[PDB]
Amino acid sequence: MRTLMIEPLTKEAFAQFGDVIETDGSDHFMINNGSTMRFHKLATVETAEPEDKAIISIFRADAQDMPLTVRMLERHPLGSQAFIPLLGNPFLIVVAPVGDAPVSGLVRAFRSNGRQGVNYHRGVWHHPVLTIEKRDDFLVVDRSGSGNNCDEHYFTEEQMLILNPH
């Protein structure tokens, strides 16, 4: 068992897991006759087949008791999944690199500053949304289609991680 280090979310640090949806440090160009800044293609929705559809949902999640014992992680082998804060609240993210099974020693914890969303690449292991506030709203963009799009992996007792935010 080991305690996760809560790292500030950044494009460079999160690169192996997906994309960071934010305006800070992001490229853009002008549109609407120069009245709007378009921070273009911060993330791309990936699907297994072109027949698949990208859908938009809203998740209203309640906080989990902390410290949290990370007992499992899930992945979507057939599509990406994006979470974007709607209320400006910071939130937590737990992920592990792609692989047949998430490697406990490679698990990472990130903290969004409230103005950052994330898009988990297809196959990336991650924990169900972890809010900091008692209740929070997230805009979610993911894949809709046939087949298996959710693998769950439960760590052994010794492989469990501890998330202790302060």
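Throughout, we count residues from 1 along the sequence that is shown.
- Stretch comparison (50 to 58 versus 109 to 117) by mean CA B-factor in the PDB entry places 50 to 58 on top.
- For the pair 134 to 142 and 66 to 74, the mean B factor over Cα atoms is greater in 66 to 74.
- Of the candidates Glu12, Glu22, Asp19, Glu157, the deposited coordinates give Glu157 the top C-alpha B factor.
- When all modelled residues of the chain are sorted by CA temperature factor, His28 is found within the highest third.
- Among the modelled residues of its chain, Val124 has a C-alpha B-factor that falls in the lowest third, as given in the PDB entry.
- In this PDB entry, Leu42 carries a Cα temperature factor that places it within the lowest third of its chain's modelled residues.
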